[PDB]
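Enquirer: My structure file start_14.txt, compact mmCIF, C-alpha atoms and all ligand atoms, is below:
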# COMPACT_ATOMS: atom_id res chain seq x y z
CA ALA A 2 16.32 5.11 5.91
CA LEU A 3 14.75 3.97 2.64
CA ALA A 4 11.05 3.31 2.08
CA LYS A 5 9.81 1.51 -1.01
CA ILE A 6 6.26 2.05 -2.11
CA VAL A 7 4.67 -0.10 -4.76
CA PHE A 8 1.26 0.85 -6.23
CA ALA A 9 -1.42 -0.30 -8.74
CA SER A 10 -3.88 2.25 -10.10
CA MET A 11 -6.14 2.18 -13.13
CA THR A 12 -7.82 5.52 -12.74
CA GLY A 13 -5.42 7.40 -10.51
CA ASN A 14 -6.98 7.34 -7.03
CA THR A 15 -4.38 4.87 -5.65
CA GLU A 16 -1.44 6.59 -7.34
CA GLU A 17 -2.39 9.92 -5.76
CA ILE A 18 -2.55 8.14 -2.38
CA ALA A 19 0.90 6.50 -2.97
CA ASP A 20 2.25 9.91 -4.03
CA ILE A 21 0.69 11.53 -0.91
CA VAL A 22 2.50 9.08 1.42
CA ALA A 23 5.74 9.37 -0.51
CA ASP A 24 5.77 13.22 -0.44
CA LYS A 25 5.31 13.13 3.31
CA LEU A 26 7.98 10.51 3.94
CA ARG A 27 10.42 12.60 1.85
CA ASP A 28 9.53 15.75 3.79
CA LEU A 29 10.35 13.77 6.97
CA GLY A 30 13.84 12.99 5.73
CA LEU A 31 13.63 9.46 4.28
CA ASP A 32 14.83 8.22 0.92
CA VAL A 33 11.78 7.02 -0.93
CA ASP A 34 11.26 5.02 -4.16
CA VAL A 35 7.77 4.86 -5.78
CA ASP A 36 7.02 2.26 -8.51
CA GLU A 37 4.12 0.88 -10.46
CA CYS A 38 3.74 -2.89 -9.51
CA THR A 39 4.41 -4.05 -13.10
CA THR A 40 7.81 -2.41 -13.25
CA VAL A 41 9.44 -3.84 -10.18
CA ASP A 42 10.06 -7.10 -8.29
CA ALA A 43 8.65 -7.71 -4.83
CA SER A 44 12.16 -8.77 -3.87
CA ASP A 45 13.33 -5.11 -4.24
CA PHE A 46 11.81 -4.82 -0.75
CA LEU A 47 14.79 -6.77 0.63
CA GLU A 48 16.88 -3.65 0.08
CA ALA A 49 14.51 -1.24 1.93
CA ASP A 50 13.86 -0.53 5.62
CA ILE A 51 10.14 0.13 5.03
CA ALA A 52 7.94 -1.66 2.50
CA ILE A 53 4.61 -0.17 1.56
CA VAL A 54 1.85 -1.38 -0.78
CA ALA A 55 -0.82 0.93 -2.17
CA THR A 56 -3.68 -0.96 -3.88
CA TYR A 57 -7.20 -0.63 -5.13
CA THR A 58 -9.76 -3.46 -4.91
CA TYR A 59 -11.49 -4.81 -7.90
CA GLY A 60 -14.27 -7.45 -7.91
CA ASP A 61 -14.73 -10.63 -5.91
CA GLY A 62 -11.07 -11.60 -6.59
CA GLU A 63 -10.12 -8.33 -4.86
CA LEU A 64 -6.54 -7.98 -6.17
CA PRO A 65 -6.09 -5.93 -9.30
CA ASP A 66 -5.05 -8.27 -12.26
CA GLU A 67 -1.79 -6.39 -12.66
CA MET A 68 -0.94 -6.83 -8.88
CA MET A 69 -1.28 -10.62 -8.94
CA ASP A 70 2.24 -11.49 -9.84
CA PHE A 71 3.62 -9.05 -7.31
CA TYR A 72 1.34 -10.42 -4.53
CA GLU A 73 2.43 -13.97 -5.22
CA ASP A 74 6.08 -13.03 -5.25
CA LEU A 75 5.73 -11.00 -2.02
CA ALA A 76 4.25 -14.08 -0.30
CA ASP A 77 7.56 -15.95 -0.90
CA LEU A 78 9.91 -13.46 0.83
CA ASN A 79 11.37 -13.19 4.27
CA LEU A 80 11.12 -9.63 5.43
CA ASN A 81 11.91 -10.07 9.17
CA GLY A 82 13.53 -6.88 10.36
CA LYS A 83 11.56 -4.75 7.82
CA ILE A 84 8.61 -2.47 8.65
CA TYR A 85 5.47 -2.58 6.43
CA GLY A 86 2.28 -0.61 5.94
CA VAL A 87 -0.64 -0.94 3.53
CA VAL A 88 -2.95 1.71 2.04
CA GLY A 89 -5.64 1.55 -0.61
CA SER A 90 -8.54 3.03 -2.48
CA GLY A 91 -11.87 1.31 -2.85
CA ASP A 92 -15.56 2.23 -2.88
CA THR A 93 -17.83 2.06 0.20
CA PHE A 94 -20.57 0.87 -2.11
CA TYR A 95 -19.04 -2.58 -1.53
CA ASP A 96 -19.13 -4.38 1.85
CA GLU A 97 -15.72 -5.69 0.67
CA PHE A 98 -14.39 -2.20 1.20
CA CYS A 99 -10.66 -2.02 0.45
CA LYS A 100 -10.34 -5.77 0.82
CA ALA A 101 -7.11 -5.92 -1.20
CA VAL A 102 -5.64 -3.85 1.65
CA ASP A 103 -6.51 -6.61 4.18
CA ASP A 104 -5.20 -9.22 1.76
CA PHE A 105 -1.81 -7.48 1.46
CA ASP A 106 -1.77 -6.95 5.21
CA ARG A 107 -2.00 -10.67 5.93
CA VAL A 108 0.57 -11.53 3.29
CA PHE A 109 2.98 -9.01 4.78
CA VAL A 110 2.50 -10.59 8.21
CA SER A 111 3.46 -13.98 6.65
CA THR A 112 6.78 -12.58 5.51
CA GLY A 113 7.85 -11.76 9.12
CA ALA A 114 7.66 -8.02 8.55
CA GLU A 115 6.48 -5.85 11.42
CA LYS A 116 3.45 -3.66 10.86
CA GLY A 117 4.39 -0.03 11.37
CA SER A 118 1.02 1.75 11.47
CA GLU A 119 -2.65 0.85 11.04
CA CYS A 120 -3.61 0.36 7.38
CA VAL A 121 -5.54 3.18 5.72
CA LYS A 122 -8.50 2.48 3.47
CA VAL A 123 -9.74 5.27 1.29
CA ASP A 124 -13.17 5.61 -0.21
CA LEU A 125 -12.59 6.49 -3.88
CA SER A 126 -10.62 9.75 -4.17
CA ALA A 127 -8.84 11.15 -1.17
CA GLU A 128 -10.18 14.15 0.72
CA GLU A 129 -9.00 15.93 3.88
CA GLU A 130 -9.77 13.13 6.34
CA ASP A 131 -7.85 10.69 4.14
CA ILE A 132 -5.00 13.11 4.16
CA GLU A 133 -4.68 13.34 7.96
CA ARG A 134 -4.82 9.56 8.16
CA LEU A 135 -2.25 9.05 5.43
CA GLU A 136 -0.17 11.81 7.01
CA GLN A 137 -0.36 9.96 10.34
CA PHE A 138 0.44 6.67 8.68
CA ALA A 139 3.65 8.26 7.32
CA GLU A 140 4.57 10.00 10.64
CA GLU A 141 4.17 6.68 12.46
CA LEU A 142 6.32 4.75 10.03
CA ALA A 143 9.09 7.36 10.04
CA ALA A 144 9.06 7.16 13.89
CA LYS A 145 9.87 3.44 13.88
CA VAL A 146 12.94 4.53 11.78
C1 LIG B 201 -15.76 -3.41 -11.42
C2 LIG B 201 -15.35 -2.79 -10.11
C3 LIG B 201 -15.36 -3.56 -8.95
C4 LIG B 201 -15.01 -2.98 -7.76
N1 LIG B 201 -15.00 -3.72 -6.65
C5 LIG B 201 -14.64 -3.15 -5.49
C6 LIG B 201 -14.62 -3.86 -4.23
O1 LIG B 201 -15.00 -5.05 -4.21
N2 LIG B 201 -14.24 -3.20 -3.12
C7 LIG B 201 -13.91 -1.91 -3.07
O2 LIG B 201 -13.62 -1.37 -1.96
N3 LIG B 201 -13.93 -1.19 -4.19
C8 LIG B 201 -14.26 -1.74 -5.38
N4 LIG B 201 -14.23 -0.98 -6.55
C9 LIG B 201 -13.85 0.44 -6.40
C10 LIG B 201 -12.44 0.77 -6.94
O3 LIG B 201 -11.42 0.03 -6.24
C11 LIG B 201 -12.29 2.29 -6.80
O4 LIG B 201 -12.98 2.76 -7.97
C12 LIG B 201 -10.84 2.79 -6.77
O5 LIG B 201 -10.91 4.17 -6.51
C13 LIG B 201 -10.07 2.51 -8.04
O6 LIG B 201 -8.66 2.82 -7.86
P1 LIG B 201 -7.78 3.52 -8.99
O7 LIG B 201 -8.43 4.86 -9.26
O8 LIG B 201 -6.38 3.72 -8.29
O9 LIG B 201 -7.73 2.66 -10.24
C14 LIG B 201 -14.60 -1.54 -7.73
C15 LIG B 201 -14.62 -0.78 -8.88
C16 LIG B 201 -14.96 -1.36 -10.08
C17 LIG B 201 -14.96 -0.51 -11.33
CA CA B 202 12.13 2.76 -8.66
CA CA B 203 5.20 -19.13 -3.70
Would you encode the structure as structure tokens?
Expert:
Amino acid sequence: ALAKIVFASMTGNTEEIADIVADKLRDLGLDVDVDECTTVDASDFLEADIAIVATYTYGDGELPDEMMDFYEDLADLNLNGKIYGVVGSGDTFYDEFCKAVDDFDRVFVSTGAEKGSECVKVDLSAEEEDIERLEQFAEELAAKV
């Protein structure tokens, strides 16, 4: 099984998170590809069994600037028969805490993809609690095979 993870990160918190999920999925025996959102087409997800987005949230528009194209292209795919999950970094200072995660979640649902595990929202940098959640997120997605 192949999981594709696509991330946006300006200061590294979301990339670490993406890398944490990827390391775990690899240790569980999956093929995994990790890409920066600017370098890849959303349609590469058609080739994977699991599609994952890792995003931060930035301002009232929520989506990072660089993620916009990818979001719009994702929203045009049919991903019935794929499994998806969403993770993110934000800042609990905002009531719109990890909103871009909820945005990607509802776009995924539109595509026909089946949610594989609850989405994980991380407050700034990841610490131990974030790690057991992200670890569980990966265990649960591997289990749906
Ligand atoms: C100008 C600005 C606006 C932000 N707005 C939000 C927000 O609305 N919601 C949220 O959860 N976090 C918000 N954040 C927090 C960032 O998403 C957080 O700093 C995150 O760790 C950045 O991810 P990165 O390190 O992968 O670039 C904002 C940060 C900045 C600098
Ligand atoms: Ca790649
Ligand atoms: Ca469209």
Enquirer: Could you tell me how far atom CA of residue 103 of chain A sits from atom CA of residue 32 of chain A, in Å to one decimal place?
Expert: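 These two atoms are separated by 26.2 Å.
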Enquirer: Is there a way to get, as a PyMOL selection string, all residues within 10 Å of the point (-3.6, -4.4, -11.8) in file coordinates, counting all atoms listed in the file?
Expert: chain A and resi 8-11+37-39+56-59+64-71
Enquirer: Give me, as number ranges by chain, the set of residues whose atoms come within 8 Å of any atom of ligand CA 202 (chain B), counting only C-alpha atoms and all ligand atoms.
Expert: A: 34-36, 41
Enquirer: Which residues come within 9 Å of residue 25 of chain A, counting all atoms listed in the file, excluding same-chain residues fewer than 2 positions away, as a list in words?
Expert: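 Listing them by chain and then by number gives residues 20, 21, 22, 23, 27, 28, 29, 30, 135, 136, 139 and 140 of chain A.
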Enquirer: Please write out the residues within 6 Å of ligand LIG 201 (chain B) as a list in words, counting only C-alpha atoms and all ligand atoms.
Expert: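 The neighbouring residues of ligand LIG 201 (chain B) are, in order, residues 10, 11, 12, 13, 14, 15, 16, 57, 58, 59, 60, 61, 63, 90, 91, 92, 93, 95, 97, 98, 99 and 125 of chain A.
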Enquirer: Residues around (14.9, 0.6, 3.1), cut-off 6 Å, counting all atoms listed in the file - what are they as a PyMOL selection string?
Expert: chain A and resi 2-4+48-51
Enquirer: Considering only C-alpha atoms and all ligand atoms, can you say which of A:74, A:119, A:24, A:42 comes closest to ligand CA 203 (chain B)?
Expert: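 Among the listed residues, A:74 lies closest to ligand CA 203 (chain B).
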Enquirer: Please reconstruct the missing atoms of segment 81-97 of chain A (target: N, CA, C and O atoms) and return them as a PDB file, in the coordinates of the input.
Expert:
ATOM      1  N   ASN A  81      11.579 -10.350   7.738  1.00  0.00           N
ATOM      2  CA  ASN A  81      11.910 -10.070   9.170  1.00  0.00           C
ATOM      3  C   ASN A  81      12.915  -8.985   9.294  1.00  0.00           C
ATOM      4  O   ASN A  81      13.784  -8.885   8.474  1.00  0.00           O
ATOM      5  N   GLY A  82      12.744  -8.121  10.280  1.00  0.00           N
ATOM      6  CA  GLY A  82      13.530  -6.880  10.360  1.00  0.00           C
ATOM      7  C   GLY A  82      13.088  -5.687   9.489  1.00  0.00           C
ATOM      8  O   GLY A  82      13.615  -4.601   9.640  1.00  0.00           O
ATOM      9  N   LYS A  83      12.168  -5.883   8.538  1.00  0.00           N
ATOM     10  CA  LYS A  83      11.560  -4.750   7.820  1.00  0.00           C
ATOM     11  C   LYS A  83      10.276  -4.339   8.529  1.00  0.00           C
ATOM     12  O   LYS A  83       9.674  -5.159   9.222  1.00  0.00           O
ATOM     13  N   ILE A  84       9.851  -3.098   8.230  1.00  0.00           N
ATOM     14  CA  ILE A  84       8.610  -2.470   8.650  1.00  0.00           C
ATOM     15  C   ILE A  84       7.699  -2.338   7.405  1.00  0.00           C
ATOM     16  O   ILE A  84       8.182  -2.003   6.327  1.00  0.00           O
ATOM     17  N   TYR A  85       6.407  -2.632   7.548  1.00  0.00           N
ATOM     18  CA  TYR A  85       5.470  -2.580   6.430  1.00  0.00           C
ATOM     19  C   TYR A  85       4.261  -1.764   6.810  1.00  0.00           C
ATOM     20  O   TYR A  85       3.976  -1.611   7.994  1.00  0.00           O
ATOM     21  N   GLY A  86       3.572  -1.238   5.796  1.00  0.00           N
ATOM     22  CA  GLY A  86       2.280  -0.610   5.940  1.00  0.00           C
ATOM     23  C   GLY A  86       1.571  -0.766   4.630  1.00  0.00           C
ATOM     24  O   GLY A  86       2.228  -0.969   3.588  1.00  0.00           O
ATOM     25  N   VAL A  87       0.241  -0.726   4.687  1.00  0.00           N
ATOM     26  CA  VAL A  87      -0.640  -0.940   3.530  1.00  0.00           C
ATOM     27  C   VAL A  87      -1.684   0.162   3.490  1.00  0.00           C
ATOM     28  O   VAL A  87      -2.271   0.516   4.527  1.00  0.00           O
ATOM     29  N   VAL A  88      -1.893   0.720   2.288  1.00  0.00           N
ATOM     30  CA  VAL A  88      -2.950   1.710   2.040  1.00  0.00           C
ATOM     31  C   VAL A  88      -3.661   1.370   0.742  1.00  0.00           C
ATOM     32  O   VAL A  88      -3.132   0.619  -0.086  1.00  0.00           O
ATOM     33  N   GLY A  89      -4.826   1.956   0.521  1.00  0.00           N
ATOM     34  CA  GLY A  89      -5.640   1.550  -0.610  1.00  0.00           C
ATOM     35  C   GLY A  89      -6.802   2.479  -0.879  1.00  0.00           C
ATOM     36  O   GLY A  89      -7.206   3.230  -0.019  1.00  0.00           O
ATOM     37  N   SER A  90      -7.324   2.397  -2.098  1.00  0.00           N
ATOM     38  CA  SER A  90      -8.540   3.030  -2.480  1.00  0.00           C
ATOM     39  C   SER A  90      -9.516   1.934  -2.875  1.00  0.00           C
ATOM     40  O   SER A  90      -9.183   0.959  -3.520  1.00  0.00           O
ATOM     41  N   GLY A  91     -10.742   2.131  -2.446  1.00  0.00           N
ATOM     42  CA  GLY A  91     -11.870   1.310  -2.850  1.00  0.00           C
ATOM     43  C   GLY A  91     -13.096   2.216  -2.949  1.00  0.00           C
ATOM     44  O   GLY A  91     -12.971   3.413  -3.258  1.00  0.00           O
ATOM     45  N   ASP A  92     -14.251   1.626  -2.662  1.00  0.00           N
ATOM     46  CA  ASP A  92     -15.560   2.230  -2.880  1.00  0.00           C
ATOM     47  C   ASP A  92     -16.542   1.603  -1.862  1.00  0.00           C
ATOM     48  O   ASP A  92     -16.874   0.428  -1.931  1.00  0.00           O
ATOM     49  N   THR A  93     -17.007   2.437  -0.951  1.00  0.00           N
ATOM     50  CA  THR A  93     -17.830   2.060   0.200  1.00  0.00           C
ATOM     51  C   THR A  93     -19.211   1.533  -0.197  1.00  0.00           C
ATOM     52  O   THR A  93     -19.993   1.089   0.629  1.00  0.00           O
ATOM     53  N   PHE A  94     -19.467   1.548  -1.494  1.00  0.00           N
ATOM     54  CA  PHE A  94     -20.570   0.870  -2.110  1.00  0.00           C
ATOM     55  C   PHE A  94     -20.526  -0.617  -1.790  1.00  0.00           C
ATOM     56  O   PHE A  94     -21.564  -1.244  -1.547  1.00  0.00           O
ATOM     57  N   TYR A  95     -19.313  -1.159  -1.824  1.00  0.00           N
ATOM     58  CA  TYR A  95     -19.040  -2.580  -1.530  1.00  0.00           C
ATOM     59  C   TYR A  95     -18.905  -2.814  -0.014  1.00  0.00           C
ATOM     60  O   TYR A  95     -18.349  -1.986   0.722  1.00  0.00           O
ATOM     61  N   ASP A  96     -19.435  -3.941   0.467  1.00  0.00           N
ATOM     62  CA  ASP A  96     -19.130  -4.380   1.850  1.00  0.00           C
ATOM     63  C   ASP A  96     -17.704  -4.854   1.894  1.00  0.00           C
ATOM     64  O   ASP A  96     -17.100  -4.792   2.959  1.00  0.00           O
ATOM     65  N   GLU A  97     -17.159  -5.318   0.759  1.00  0.00           N
ATOM     66  CA  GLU A  97     -15.720  -5.690   0.670  1.00  0.00           C
ATOM     67  C   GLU A  97     -14.849  -4.480   0.414  1.00  0.00           C
ATOM     68  O   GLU A  97     -14.058  -4.449  -0.524  1.00  0.00           O
TER      69      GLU A  97
END
